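Heads up, the thing below is written out as structure tokens.
Since every read-out is calculated from the coordinates, none of them should be taken as a lab result. Reconstructed Cβ throughout: ideal geometry from the backbone, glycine too, with neighbour counts over all protein chains shown.
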Ligand SMILES: N[C@@H](CCC(=O)N[C@@H](CSSC[C@H](NC(=O)CC[C@H](N)C(=O)O)C(=O)NCC(=O)O)C(=O)NCC(=O)O)C(=O)O
Ligand SMILES: [Br-]
Ligand SMILES: [Br-]
Ligand SMILES: [Br-]
Ligand SMILES: [Br-]
């Protein structure tokens, strides 16, 4: 007779992962429902908008509210968990990194979705053009705030979304972050020292292609 969180998604990190990391770092238990591709066609017609992620929150009042749009869900939760910045400047810094990372996310997702044949050319394009432009911005943004956290001295949704996005860069363009953007690589290495609940979750997490 209390609260409950149920997250709906595919068996992927993709758009769901920032929400899972947020709930994990906030110390909030939740039902992480990850369904198969085969199960989806019969789940789809039952969900609002026919897309995932969806977060079902059963309130203190026992009532159900179903939330759509991954980073809308994430920002609402982050506000509730005091992980969306404590000043307007911190809020700005968080929004700055998220905007930059949304661009990076799209670049790398496009690569993931490219067939094996045409992938390498999209990768070379990324490494020479939009990749360093975006990654420079992200590096400069993180450097401005001290290199360890996007905003304040504690974990925020900005840190977590930066982390998930860098994971995608590291997997999609192997070695690149490590050679060209070592401070971002270091952020990715060190962030779980600032959320050990994260460290545990990451180690036990199922492996997924994206
Ligand atoms: N911005 C929303 C995106 C949510 C989203 O795209 N969900 C996808 C999974 S991530 S995957 C990203 C998504 N692509 C797709 O869903 C692939 C196309 C589909 N499977 C098909 O058959 O055509 C996409 O492009 N999104 C942004 C856009 O539309 O411009 C989904 O539920 N797909 C099941 C379905 O539609 O049946 C969020 O972050 O929550
Ligand atoms: Br990720
Ligand atoms: Br991740
Ligand atoms: Br390289
Ligand atoms: Br760097």
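Taking the Cβ-Cβ separation of residue 47 and residue 208 as r and a Förster radius of 30 Å, what is the calculated FRET efficiency to the nearest 0.05?
So the FRET efficiency works out to roughly 0.90.
Can you work out the FRET efficiency for the pair residue 12 and residue 103, with r the C-beta to C-beta distance and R0 = 22 Å, to the nearest 0.05?
0.65
Going by C-beta contacts inside 10 Å, put 90, 143 in order with the fewest on the left.
143, 90
Given axes a ≥ b ≥ c from the Cα gyration tensor, I'd like to know whether the range 43-125 is rounded (a/c under 1.5), prolate (a/b larger than b/c) or oblate.
Cα axes put the range 43-125 in the oblate bin.
Based on DSSP, what percent of beta bridges with both residues in the chain are antiparallel, to the nearest 5?
Roughly 65 percent of the DSSP beta bridges within the chain come out antiparallel.
What is the extension gain from residue 193 to residue 28, computed as 0.36 nm multiplied by their sequence separation minus the C-alpha to C-alpha distance, in nm to one decimal?
Between residue 193 and residue 28, full extension yields an extra 57.5 nm.
For residue 1 and residue 201, calculate 0.36 nm times their separation in residues minus their Cα-Cα distance, and state this gained length in nm to one decimal.
Residue separation times 0.36 nm, minus the Cα-Cα distance, leaves 69.3 nm.
For the range 83-210, just run the numbers: alpha carbon Rg, then divide by 2.2 N^0.38 Å, N being how many residues it has.
1.06
Looking at the range 1-82 only, what percent of DSSP beta bridges run antiparallel? Nearest 5 please.
Taking every DSSP beta bridge within the range 1-82, about 65 percent pair in antiparallel fashion.
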